[PDB]
Amino acid sequence: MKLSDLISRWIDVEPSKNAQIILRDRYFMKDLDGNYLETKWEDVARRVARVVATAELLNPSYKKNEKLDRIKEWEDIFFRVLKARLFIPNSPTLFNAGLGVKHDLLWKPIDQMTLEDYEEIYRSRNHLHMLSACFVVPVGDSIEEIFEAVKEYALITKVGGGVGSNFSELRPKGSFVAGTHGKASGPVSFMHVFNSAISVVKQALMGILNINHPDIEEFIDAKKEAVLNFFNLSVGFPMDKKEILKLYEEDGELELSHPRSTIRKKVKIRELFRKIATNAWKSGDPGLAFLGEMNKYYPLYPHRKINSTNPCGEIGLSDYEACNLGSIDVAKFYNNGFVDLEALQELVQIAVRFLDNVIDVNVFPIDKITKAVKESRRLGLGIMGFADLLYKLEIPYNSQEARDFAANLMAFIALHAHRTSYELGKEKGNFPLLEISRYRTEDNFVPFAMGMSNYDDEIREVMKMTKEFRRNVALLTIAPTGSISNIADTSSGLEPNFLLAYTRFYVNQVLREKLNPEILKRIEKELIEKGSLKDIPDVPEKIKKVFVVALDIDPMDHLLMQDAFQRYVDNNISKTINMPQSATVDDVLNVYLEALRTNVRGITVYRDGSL
Amino acid sequence: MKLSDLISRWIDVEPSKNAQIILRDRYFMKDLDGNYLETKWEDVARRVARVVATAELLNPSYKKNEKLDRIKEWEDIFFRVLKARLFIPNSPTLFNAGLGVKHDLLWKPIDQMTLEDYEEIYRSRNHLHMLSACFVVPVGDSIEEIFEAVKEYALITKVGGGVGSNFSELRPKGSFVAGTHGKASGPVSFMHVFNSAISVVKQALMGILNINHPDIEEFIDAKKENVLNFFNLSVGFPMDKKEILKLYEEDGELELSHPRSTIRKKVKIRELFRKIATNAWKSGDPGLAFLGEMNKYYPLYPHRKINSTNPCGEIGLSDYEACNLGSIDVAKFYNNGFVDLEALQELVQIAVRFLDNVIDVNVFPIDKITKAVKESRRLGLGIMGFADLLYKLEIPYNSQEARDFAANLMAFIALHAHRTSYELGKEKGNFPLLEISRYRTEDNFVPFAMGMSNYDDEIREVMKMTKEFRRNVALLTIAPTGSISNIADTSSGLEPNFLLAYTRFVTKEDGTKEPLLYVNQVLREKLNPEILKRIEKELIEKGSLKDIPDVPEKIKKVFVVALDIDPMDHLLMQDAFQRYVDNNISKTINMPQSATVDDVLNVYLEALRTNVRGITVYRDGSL
Ligand SMILES: Nc1nc2c(ncn2[C@H]2C[C@H](O)[C@@H](COP(=O)(O)OP(=O)(O)OP(=O)(O)O)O2)c(=O)[nH]1
Ligand SMILES: Nc1nc2c(ncn2[C@H]2C[C@H](O)[C@@H](COP(=O)(O)OP(=O)(O)OP(=O)(O)O)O2)c(=O)[nH]1
Ligand SMILES: Nc1nc2c(ncn2[C@H]2C[C@H](O)[C@@H](COP(=O)(O)OP(=O)(O)OP(=O)(O)O)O2)c(=O)[nH]1
Ligand SMILES: Nc1nc2c(ncn2[C@H]2C[C@H](O)[C@@H](COP(=O)(O)OP(=O)(O)OP(=O)(O)O)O2)c(=O)[nH]1
Ligand SMILES: [Mg+2]
Ligand SMILES: [Mg+2]
């Protein structure tokens, strides 16, 4: 089906009562007196479309002559997919597009727009016009750099960004400070100053410490039981995953050291791993960030380096880099037993241009960030609706069938997104750092593992073409989509449905269609208690096996789904490895070891009932 | 007596074992290994004398063939008064002088020193070579400025400075923030971020909020145990003391308002005072800062404006200003029933040059601070050992006699301090803002109240003369001297002795522990050693001589401690010194456990009528 025809299928499907509540609550603009300037999703779609279309003002391919026509065309296409909720950008784009702009320019009808109208939108974007979810700032080993980072956290947090740092540069607790006296207090103590700052600004962060840091044990125990409540904590593994797996298998020792300290110590890697696992078992923190694996696929490494991710894991970013995200609802592409790939390719091309255009109309609080974004132009296109699509396709999330499907789907998306980036580099100009990247200096560089799709060879040649032309250093991610999937009335990112029937502060729509009412109306009671179909007798085996929820799916099937998607994603993936309440610490270690052998770039575990 | 003769009486008296522990503990310099580079007070005095004498390189009145002789002469005099412990600068001068300099230059015999040796010292002072105790920075009403200030606090604290701010620019909690629909959190929420920052960096501060800020009540209670545990807190009074007294006397109302909020409130000034008094009665916070009174006597006002003090309250500073302090031990100037004014004058002269010289060798971590200090050259010359001096002269602290003597002594110090500033302004150049100060644009400007001394008219004359030459915007203070009075083995600041005897413990390898009885040295000298041994027991038990049978009445009357002296007599002493001090004074108004909140109010009311620039109260037994 053509995308315009898919759009006509979805454009007039109204957001649910639940979606409308969230939108009124957080998304619709209000005036200086709390009066609504927007009252429907279509108002949001119009403002967002128009502001992002404005980027086409800077398109060197257009003559001043056609610009108005071309702009209005892009506004029109952006508006239609958005109103149809086939693609939605990350929250900050929805909150903050048009901040600074005359109200009378933001919702005016497109046929009435003039070239001067777009120019004035472009020029009136203010300091709050911040449209990206993801940030990483360094924290250098000096009081000066530490507290400059604290200020950067406050400023990014204030404008609506989530920020992450690797704190490893900070010399360990007790290290000599060539001051008068006395001693360095170490990374963890300074992370409390970050927490306290953000707790007041927000009156959601990421903190990583590398496995070979001498204060790693204190770090692992840092949210145990003063927390640290605004931090997600991950242990960083800057070295090769293979190397750590070997060391664990051999019961080796890790040397803890720091370049600006005499503090040195040896620890058994197994002991340290177990300590990580025990705490994750108890409370879900800390996670694992496979930084080396991220740098393995980083086009700008080693002259730039990924040291941290954003709070949710899904983008590894170099220092001062930010990334804006957006997600395609794949559940809307179900068509009579198949994914309508015709319409999908069209949308992926549109989604990539929109995300790239967001960069040009984005305003950041810190010039170093403006600069890092301009040079790399990293994007984060992902998907949501995945689990709901599997229900429509009558495929069990816990099956090799689902994972082979997932991999081909992501490969197809990756192929058309990178092809779009080639196209946009031709039209608009390459990302400034193309010349020094592995797309250019290397042969056969591919920013992900592949190995589970028929599309590989096609991907490999598109990657070779991007030696010459390429708008973006990387393009793909899979985010949590915690709010935008609610707006889209669909499942979140790549996660299975957590529950089929609930009451968020609500019976799945696909289940409501496939399940005979009466079988439904009976069971909807004990579905809500119990939280699964599994042990409800007199529901058909076929419904049971397809309509699985997160805790129907064992930890290994969670991890293998993440691997299958990660093979064709150039940034990272947000995925929780749900574990049953009866899972032991050994079960958790086994997840870590399997994770080390797969292509996953990080791990988050959550044991049911643990918190 | 000539100062040289006084120096020779003291130069070979080594610090008490008590002092030496303090020195080893934190003053003596160590190498990267943890090894001692200094092991005697004499070593510290060489280093410091040498480093501060280096500033004479820059003296535009020395011809090149003069310079090396002149510098060695200043190093020698500096060394002697330090070694003798007649003058000691604030701790950061003693911690940090010479940091960055090659160890082979800091202690070498002076008769091996060359001009190039001094030039190398000047060049190699590093970024940690911070010699001043006292700082103020502004905290403006934006996230950017608030966190820029958190960063300055961390940097200033790291290098050994104590910093304060007025947080009144921050719009009250619940205020409108433009272009968003979220509200401002308020000054007290941000002060938590500053307390967190500094609790890690130090793993006190001064915070002031003005009495008319709408969050003033929250602030008054901010260290109420239900904590800003690294802050001293004071309430700011930027209006005239007179205005506030009148309002209180009328049972009037104050309007709380902010220029960037629509939040207004009317509160009875008496109810606000009582809230303050009750909290201070419970816990010692908050104190009162009479900022308007400080601005009354600030020579740069209103071009520049004092909005805060340092943590101990004794310097009022404008935005980004810092001050270096030091103190003369005046108990050492006792001579046959009189204060030796001839030797004291000479030492004021030396001490003011030292302190002004510290500015030249000081390194600050922030641009705007270097600038503010160069432009003003504020100093804080003070005294310690004043209580022990009264003991020697047999004057009771809690008496008009003591207060009249304090005023005259402070007046004499002020006169010769400001005179030296005059002489130094001709010799080295005036402070840059002389031209726009009240020393220039006015007639009869005096930066303190006076009214309690025979020296008043000569003081007027010198202030008139400094319309022409003046090296420093202000010169004097009285500081707590919590460490350096320990070092000099003398009483702290202008304060009375807290106790005359107590047990201190000397840590030993094989024992331990151990009991070591200290008795005030002047008490030891005056009281019968036979009497002493009898009473010693009850004195440590009771904390005073007052109710001990059969100690002579005159001894009980002279040898008073802090708690023998009633709150008004503490306050009037502060008033006597403040009259002849251009900066402020550190003074705790001690109160008996049996004082009430009404008694605390009465101290505040009397404070409003005297010339004091702020108030701190501490009720015995409260914390
Ligand atoms: N908690 C605490 N940590 C400090 C202090 N001074 C330094 N540190 C920690 C902060 C940094 O992680 C590390 C280095 O800090 P700085 O570079 O500011 O110290 P500095 O440059 O004086 O000495 P350096 O030449 O770098 O060893 O030491 C301090 O006063 N308090
Ligand atoms: N799941 C969920 N998220 C919420 C809720 N309220 C606020 N949020 C937050 C979660 C995210 O930090 C923020 C933005 O949501 P999005 O769906 O745009 O972003 P996503 O969850 O993909 O996270 P990210 O883009 O990595 O920051 O909204 C809620 O009630 N449920
Ligand atoms: N806790 C908290 N306070 C804030 C936040 N934003 C602003 N404030 C407080 C900090 C300052 O006291 C005051 C003003 O903040 P800024 O100058 O950074 O805000 P902005 O320039 O955006 O708006 P303005 O024109 O000053 O109203 O409001 C925030 O997001 N969280
Ligand atoms: N470690 C330690 N520090 C102390 C003690 N008593 C006071 N201090 C701190 C607070 C002072 O700001 C700092 C330096 O001692 P000083 O005698 O030079 O300063 P002072 O008490 O006059 O306070 P100020 O110069 O206003 O900061 O020493 C103590 O018993 N132990
Ligand atoms: Mg450093
Ligand atoms: Mg502002």
# chains A, B, ... in the order shown; residues from 1 in each chain; ligands from 1
>>> interface_residues(of="chain A", to="chain B", cutoff="6 Å", atoms="only C-alpha atoms", output="list in words")
residues 147, 151, 193, 196 and 197 of chain A
>>> residues_near_ligand(ligand="ligand 2", cutoff="9 Å", atoms="only C-alpha atoms and all ligand atoms", output="PyMOL selection string")
chain A and resi 22+26+88-94+132-134+161-162+204+310-315+324-327+478-487+492-493+504-505+574
>>> write_last_selection(atoms="N, CA, C and O atoms", output="compact mmCIF listing (two decimals), in the first residue's frame")
# COMPACT_ATOMS: atom_id res chain seq x y z
N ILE A 22 -3.18 12.46 28.80
CA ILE A 22 -1.74 12.74 28.82
C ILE A 22 -1.41 13.98 28.02
O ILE A 22 -0.64 14.84 28.46
N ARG A 26 0.25 17.25 29.62
CA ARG A 26 1.68 17.57 29.42
C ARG A 26 2.05 18.16 28.08
O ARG A 26 3.11 18.79 27.98
N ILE A 88 6.29 9.41 15.70
CA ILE A 88 6.21 10.52 16.68
C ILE A 88 7.63 10.79 17.15
O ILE A 88 8.35 9.82 17.46
N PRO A 89 8.07 12.08 17.15
CA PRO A 89 9.44 12.40 17.70
C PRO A 89 9.49 12.32 19.23
O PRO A 89 8.45 12.24 19.90
N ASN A 90 10.70 12.31 19.81
CA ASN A 90 10.77 12.24 21.28
C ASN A 90 10.03 13.43 21.98
O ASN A 90 9.90 14.52 21.40
N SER A 91 9.57 13.25 23.21
CA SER A 91 8.87 14.35 23.93
C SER A 91 9.36 15.79 23.83
O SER A 91 8.55 16.69 23.57
N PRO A 92 10.67 16.04 24.03
CA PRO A 92 11.10 17.43 23.96
C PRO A 92 10.69 18.12 22.66
O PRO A 92 10.37 19.30 22.70
N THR A 93 10.68 17.39 21.55
CA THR A 93 10.26 17.99 20.25
C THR A 93 8.79 18.38 20.33
O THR A 93 8.37 19.43 19.86
N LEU A 94 7.98 17.54 20.95
CA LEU A 94 6.58 17.86 21.11
C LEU A 94 6.30 18.99 22.09
O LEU A 94 5.31 19.73 21.92
N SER A 132 15.86 17.81 21.80
CA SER A 132 16.55 16.51 21.87
C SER A 132 16.45 15.87 23.26
O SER A 132 16.63 16.54 24.28
N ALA A 133 16.23 14.56 23.32
CA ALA A 133 16.17 13.89 24.61
C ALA A 133 17.56 13.63 25.24
O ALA A 133 17.67 13.61 26.44
N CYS A 134 18.62 13.41 24.46
CA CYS A 134 19.80 12.67 24.97
C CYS A 134 21.08 13.47 25.00
O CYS A 134 21.47 13.99 23.98
N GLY A 161 16.31 18.20 29.00
CA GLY A 161 17.17 17.09 28.52
C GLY A 161 17.51 16.06 29.59
O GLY A 161 17.48 16.37 30.76
N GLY A 162 17.80 14.81 29.21
CA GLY A 162 18.33 13.84 30.19
C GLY A 162 19.81 13.62 29.88
O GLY A 162 20.16 13.37 28.73
N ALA A 204 16.43 9.12 35.68
CA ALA A 204 16.50 10.42 34.94
C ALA A 204 17.90 11.03 34.65
O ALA A 204 18.03 11.88 33.74
N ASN A 310 23.03 8.07 27.56
CA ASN A 310 21.99 8.91 28.14
C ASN A 310 21.31 8.04 29.22
O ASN A 310 21.63 6.84 29.32
N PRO A 311 20.40 8.62 30.04
CA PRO A 311 19.82 7.93 31.21
C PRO A 311 19.20 6.59 30.95
O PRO A 311 19.12 5.76 31.87
N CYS A 312 18.66 6.39 29.75
CA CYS A 312 17.93 5.13 29.48
C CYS A 312 18.75 4.07 28.74
O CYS A 312 18.27 2.95 28.48
N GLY A 313 20.01 4.39 28.44
CA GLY A 313 20.86 3.44 27.79
C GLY A 313 20.97 3.49 26.27
O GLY A 313 21.97 3.00 25.73
N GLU A 314 19.96 4.06 25.58
CA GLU A 314 19.86 3.71 24.15
C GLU A 314 20.78 4.47 23.26
O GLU A 314 21.03 4.00 22.14
N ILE A 315 21.33 5.60 23.69
CA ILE A 315 22.37 6.21 22.83
C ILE A 315 23.70 6.27 23.59
O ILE A 315 23.80 6.92 24.65
N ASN A 324 18.62 13.55 19.01
CA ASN A 324 17.18 13.58 19.04
C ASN A 324 16.64 12.30 18.43
O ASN A 324 17.14 11.82 17.43
N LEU A 325 15.58 11.79 19.07
CA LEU A 325 14.97 10.54 18.74
C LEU A 325 13.57 10.71 18.15
O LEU A 325 12.95 11.79 18.28
N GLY A 326 13.12 9.65 17.50
CA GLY A 326 11.77 9.53 17.02
C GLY A 326 11.45 8.07 16.72
O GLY A 326 12.31 7.31 16.35
N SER A 327 10.19 7.70 16.84
CA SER A 327 9.81 6.28 16.69
C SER A 327 8.63 6.04 15.74
O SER A 327 7.65 6.77 15.78
N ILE A 478 16.69 2.04 19.67
CA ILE A 478 15.35 1.62 20.09
C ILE A 478 15.17 2.15 21.51
O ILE A 478 15.90 1.74 22.43
N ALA A 479 14.22 3.07 21.71
CA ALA A 479 14.16 3.84 22.92
C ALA A 479 13.06 3.17 23.78
O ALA A 479 12.38 2.26 23.25
N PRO A 480 12.90 3.58 25.08
CA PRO A 480 11.74 3.08 25.87
C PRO A 480 10.40 3.53 25.31
O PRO A 480 9.43 2.80 25.47
N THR A 481 10.35 4.71 24.69
CA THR A 481 9.08 5.32 24.22
C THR A 481 7.95 5.26 25.30
O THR A 481 6.80 5.00 25.00
N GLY A 482 8.30 5.59 26.54
CA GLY A 482 7.37 5.52 27.66
C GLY A 482 6.15 6.40 27.52
O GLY A 482 5.04 5.96 27.88
N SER A 483 6.32 7.64 27.03
CA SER A 483 5.17 8.52 26.78
C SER A 483 4.63 8.51 25.35
O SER A 483 3.41 8.53 25.14
N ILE A 484 5.51 8.52 24.36
CA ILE A 484 5.03 8.62 22.97
C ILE A 484 4.25 7.38 22.49
O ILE A 484 3.38 7.50 21.60
N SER A 485 4.55 6.21 23.07
CA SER A 485 3.76 5.01 22.73
C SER A 485 2.37 5.13 23.34
O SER A 485 1.42 4.63 22.75
N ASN A 486 2.23 5.81 24.49
CA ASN A 486 0.88 6.03 25.05
C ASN A 486 0.06 6.98 24.17
O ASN A 486 -1.12 6.73 23.91
N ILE A 487 0.71 8.03 23.69
CA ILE A 487 0.14 8.95 22.70
C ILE A 487 -0.32 8.25 21.43
O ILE A 487 -1.40 8.56 20.90
N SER A 492 5.34 -0.31 23.76
CA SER A 492 6.46 0.55 23.96
C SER A 492 7.68 -0.04 23.31
O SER A 492 8.03 -1.15 23.59
N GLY A 493 8.37 0.73 22.48
CA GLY A 493 9.61 0.25 21.87
C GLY A 493 9.45 -1.19 21.43
O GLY A 493 8.37 -1.59 20.87
N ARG A 504 -3.07 2.09 34.63
CA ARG A 504 -1.97 3.05 34.74
C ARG A 504 -2.36 4.39 35.43
O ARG A 504 -3.51 4.83 35.34
N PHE A 505 -1.42 5.02 36.12
CA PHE A 505 -1.66 6.34 36.74
C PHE A 505 -0.73 7.42 36.17
O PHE A 505 -1.13 8.57 35.95
N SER A 574 17.26 0.19 24.35
CA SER A 574 16.72 0.14 25.70
C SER A 574 15.90 -1.11 25.78
O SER A 574 14.93 -1.23 25.05
>>> residues_around(residues="range 210-221 of chain B", least_positions_apart="2", cutoff="7 Å", atoms="only C-alpha atoms", output="VMD selection string")
chain B and resid 168 172 188 208 223 to 224 235 to 237 254 to 258 264 to 265 276 286
>>> residues_near_ligand(ligand="ligand 1", cutoff="8 Å", atoms="only C-alpha atoms and all ligand atoms", output="ChimeraX atom specification")
/A:140-146,169-172,175-179,181-187,189-190,260 /B:127-128,154-155,157-159,200-203
>>> write_last_selection(atoms="C-alpha atoms", output="mmCIF file, in the first residue's frame")
data_model
loop_
_atom_site.group_PDB
_atom_site.id
_atom_site.type_symbol
_atom_site.label_atom_id
_atom_site.label_comp_id
_atom_site.auth_asym_id
_atom_site.auth_seq_id
_atom_site.Cartn_x
_atom_site.Cartn_y
_atom_site.Cartn_z
ATOM 1 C CA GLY A 140 37.166 16.060 34.210
ATOM 2 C CA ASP A 141 39.400 15.325 37.198
ATOM 3 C CA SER A 142 39.436 18.784 38.776
ATOM 4 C CA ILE A 143 37.151 20.716 41.097
ATOM 5 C CA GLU A 144 36.862 23.237 38.259
ATOM 6 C CA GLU A 145 35.653 20.629 35.727
ATOM 7 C CA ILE A 146 33.512 18.800 38.253
ATOM 8 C CA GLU A 169 38.170 10.441 35.218
ATOM 9 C CA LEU A 170 37.732 11.239 38.916
ATOM 10 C CA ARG A 171 40.664 9.975 40.926
ATOM 11 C CA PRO A 172 39.753 7.571 43.633
ATOM 12 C CA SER A 175 44.316 9.998 46.221
ATOM 13 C CA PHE A 176 46.946 12.694 46.633
ATOM 14 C CA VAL A 177 45.834 16.123 45.651
ATOM 15 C CA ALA A 178 48.748 18.381 44.882
ATOM 16 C CA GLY A 179 47.043 21.178 46.829
ATOM 17 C CA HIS A 181 45.975 19.063 52.085
ATOM 18 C CA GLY A 182 44.192 16.704 52.109
ATOM 19 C CA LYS A 183 42.923 13.913 49.887
ATOM 20 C CA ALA A 184 40.593 13.429 46.868
ATOM 21 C CA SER A 185 37.107 12.392 47.979
ATOM 22 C CA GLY A 186 36.510 10.218 44.831
ATOM 23 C CA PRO A 187 33.731 9.907 42.106
ATOM 24 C CA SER A 189 31.060 11.574 46.691
ATOM 25 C CA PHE A 190 30.821 14.093 43.838
ATOM 26 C CA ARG A 260 46.248 10.044 38.763
ATOM 27 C CA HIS B 127 47.390 28.497 41.511
ATOM 28 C CA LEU B 128 47.005 27.257 45.123
ATOM 29 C CA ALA B 154 33.955 24.989 45.631
ATOM 30 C CA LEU B 155 37.017 26.636 44.143
ATOM 31 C CA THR B 157 36.845 26.494 49.602
ATOM 32 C CA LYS B 158 39.326 24.062 47.939
ATOM 33 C CA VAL B 159 42.157 26.639 48.249
ATOM 34 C CA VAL B 200 31.876 17.030 49.837
ATOM 35 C CA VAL B 201 34.592 19.553 49.199
ATOM 36 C CA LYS B 202 35.251 19.558 53.016
ATOM 37 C CA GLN B 203 34.854 15.738 53.371
#
>>> closest_atom_pairs(of="chain A", to="ligand 6", cutoff="12 Å", atoms="only C-alpha atoms and all ligand atoms", output="Markdown table")
| residue | atom | partner | partner_atom_place_in_ligand_line | distance |
| --- | --- | --- | --- | --- |
| A:127 | CA | ligand 6 | 1 (Mg) | 11.0 |
| A:128 | CA | ligand 6 | 1 (Mg) | 11.7 |
| A:155 | CA | ligand 6 | 1 (Mg) | 11.9 |
| A:158 | CA | ligand 6 | 1 (Mg) | 11.8 |
>>> write_last_selection(atoms="N, CA, C and O atoms", output="short mmCIF file (atom, residue, chain, number, x, y, z; two decimals), in the first residue's frame")
data_model
loop_
_atom_site.label_atom_id
_atom_site.label_comp_id
_atom_site.auth_asym_id
_atom_site.auth_seq_id
_atom_site.Cartn_x
_atom_site.Cartn_y
_atom_site.Cartn_z
N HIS A 127 15.54 30.41 23.58
CA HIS A 127 16.60 29.63 24.27
C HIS A 127 16.02 28.32 24.86
O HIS A 127 16.75 27.43 25.28
N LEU A 128 14.70 28.25 24.93
CA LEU A 128 14.02 27.06 25.41
C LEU A 128 13.64 26.09 24.28
O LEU A 128 13.02 25.02 24.52
N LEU A 155 21.59 23.17 33.64
CA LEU A 155 21.13 23.83 32.45
C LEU A 155 20.44 22.90 31.46
O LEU A 155 19.42 23.27 30.87
N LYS A 158 17.14 21.76 33.12
CA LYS A 158 16.20 22.88 33.05
C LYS A 158 15.47 22.93 31.70
O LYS A 158 14.26 23.07 31.69
#
>>> select_by_dssp(residues="range 306-499 of chain A", states="strand (DSSP E or B)", output="list in words")
residues 308, 309, 316, 317, 322, 323, 324, 325, 326, 327, 328, 329, 334, 335, 338, 339, 379, 380, 381, 382, 383, 384, 476 and 478 of chain A
>>> closest_residue(among="B:386, B:87, B:79, B:230", to="residue 327 in chain B", atoms="only C-alpha atoms")
B:87
>>> residues_around(residues="residue 275 in chain A", least_positions_apart="4", cutoff="9 Å", atoms="only C-alpha atoms", output="ChimeraX atom specification")
/A:217,220-221,270-271,279-280
>>> write_last_selection(atoms="N, CA and C atoms", output="PDB file, in the first residue's frame")
ATOM      1  N   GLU A 217      33.807  -0.856  43.773  1.00  0.00           N
ATOM      2  CA  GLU A 217      32.957  -1.592  44.707  1.00  0.00           C
ATOM      3  C   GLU A 217      32.004  -0.697  45.477  1.00  0.00           C
ATOM      4  N   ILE A 220      29.133   0.200  43.007  1.00  0.00           N
ATOM      5  CA  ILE A 220      28.150  -0.867  42.846  1.00  0.00           C
ATOM      6  C   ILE A 220      27.160  -0.861  43.998  1.00  0.00           C
ATOM      7  N   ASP A 221      27.628  -0.454  45.168  1.00  0.00           N
ATOM      8  CA  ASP A 221      26.812  -0.438  46.378  1.00  0.00           C
ATOM      9  C   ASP A 221      26.218   0.939  46.645  1.00  0.00           C
ATOM     10  N   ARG A 270      35.174 -12.690  38.973  1.00  0.00           N
ATOM     11  CA  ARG A 270      33.971 -13.383  39.359  1.00  0.00           C
ATOM     12  C   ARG A 270      33.310 -12.788  40.604  1.00  0.00           C
ATOM     13  N   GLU A 271      34.127 -12.291  41.533  1.00  0.00           N
ATOM     14  CA  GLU A 271      33.608 -11.802  42.819  1.00  0.00           C
ATOM     15  C   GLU A 271      32.849 -10.521  42.577  1.00  0.00           C
ATOM     16  N   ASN A 279      23.228  -7.120  43.740  1.00  0.00           N
ATOM     17  CA  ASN A 279      22.568  -5.846  43.910  1.00  0.00           C
ATOM     18  C   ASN A 279      21.486  -5.619  42.878  1.00  0.00           C
ATOM     19  N   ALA A 280      21.724  -6.096  41.657  1.00  0.00           N
ATOM     20  CA  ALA A 280      20.767  -6.003  40.565  1.00  0.00           C
ATOM     21  C   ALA A 280      19.588  -6.908  40.909  1.00  0.00           C
TER      22      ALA A 280
END
>>> select_by_dssp(residues="range 203-264 of chain A", states="helix (DSSP H, G or I)", output="list in words")
residues 216, 217, 218, 219, 220, 241, 242, 243, 244, 245, 246, 247, 248 and 249 of chain A
>>> write_last_selection(atoms="N, CA and C atoms", output="PDB file, in the first residue's frame")
ATOM      1  N   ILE A 216      35.209   1.121  42.349  1.00  0.00           N
ATOM      2  CA  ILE A 216      34.115   0.372  41.688  1.00  0.00           C
ATOM      3  C   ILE A 216      33.245  -0.338  42.671  1.00  0.00           C
ATOM      4  N   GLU A 217      33.807  -0.856  43.773  1.00  0.00           N
ATOM      5  CA  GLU A 217      32.957  -1.592  44.707  1.00  0.00           C
ATOM      6  C   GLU A 217      32.004  -0.697  45.477  1.00  0.00           C
ATOM      7  N   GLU A 218      32.496   0.463  45.897  1.00  0.00           N
ATOM      8  CA  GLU A 218      31.648   1.461  46.568  1.00  0.00           C
ATOM      9  C   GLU A 218      30.526   1.870  45.599  1.00  0.00           C
ATOM     10  N   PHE A 219      30.886   2.030  44.318  1.00  0.00           N
ATOM     11  CA  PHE A 219      29.973   2.447  43.259  1.00  0.00           C
ATOM     12  C   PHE A 219      28.812   1.486  43.085  1.00  0.00           C
ATOM     13  N   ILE A 220      29.133   0.200  43.007  1.00  0.00           N
ATOM     14  CA  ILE A 220      28.150  -0.867  42.846  1.00  0.00           C
ATOM     15  C   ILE A 220      27.160  -0.861  43.998  1.00  0.00           C
ATOM     16  N   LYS A 241      34.283  -6.996  25.060  1.00  0.00           N
ATOM     17  CA  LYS A 241      33.442  -7.971  25.770  1.00  0.00           C
ATOM     18  C   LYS A 241      34.067  -9.367  25.856  1.00  0.00           C
ATOM     19  N   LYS A 242      34.831  -9.708  24.815  1.00  0.00           N
ATOM     20  CA  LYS A 242      35.477 -11.037  24.673  1.00  0.00           C
ATOM     21  C   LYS A 242      36.497 -11.217  25.749  1.00  0.00           C
ATOM     22  N   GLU A 243      37.254 -10.144  25.974  1.00  0.00           N
ATOM     23  CA  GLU A 243      38.291 -10.096  26.968  1.00  0.00           C
ATOM     24  C   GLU A 243      37.712 -10.295  28.379  1.00  0.00           C
ATOM     25  N   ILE A 244      36.616  -9.615  28.719  1.00  0.00           N
ATOM     26  CA  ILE A 244      36.000  -9.819  30.033  1.00  0.00           C
ATOM     27  C   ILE A 244      35.380 -11.194  30.200  1.00  0.00           C
ATOM     28  N   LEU A 245      34.805 -11.748  29.119  1.00  0.00           N
ATOM     29  CA  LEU A 245      34.189 -13.085  29.200  1.00  0.00           C
ATOM     30  C   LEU A 245      35.300 -14.120  29.493  1.00  0.00           C
ATOM     31  N   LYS A 246      36.439 -13.984  28.813  1.00  0.00           N
ATOM     32  CA  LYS A 246      37.591 -14.906  28.959  1.00  0.00           C
ATOM     33  C   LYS A 246      38.145 -14.847  30.380  1.00  0.00           C
ATOM     34  N   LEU A 247      38.227 -13.632  30.904  1.00  0.00           N
ATOM     35  CA  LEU A 247      38.778 -13.435  32.193  1.00  0.00           C
ATOM     36  C   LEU A 247      37.871 -14.073  33.222  1.00  0.00           C
ATOM     37  N   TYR A 248      36.555 -14.001  33.009  1.00  0.00           N
ATOM     38  CA  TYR A 248      35.594 -14.578  33.958  1.00  0.00           C
ATOM     39  C   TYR A 248      35.673 -16.128  33.904  1.00  0.00           C
ATOM     40  N   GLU A 249      35.809 -16.642  32.677  1.00  0.00           N
ATOM     41  CA  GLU A 249      35.785 -18.084  32.402  1.00  0.00           C
ATOM     42  C   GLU A 249      37.025 -18.722  33.007  1.00  0.00           C
TER      43      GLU A 249
END
>>> residues_near_ligand(ligand="ligand 4", cutoff="10 Å", atoms="only C-alpha atoms and all ligand atoms", output="MDAnalysis selection string")
chainID B and resid 22 25:26 88:95 132:135 160:163 204:205 309:315 323:327 380 382 384 477:487 492:493 585:586
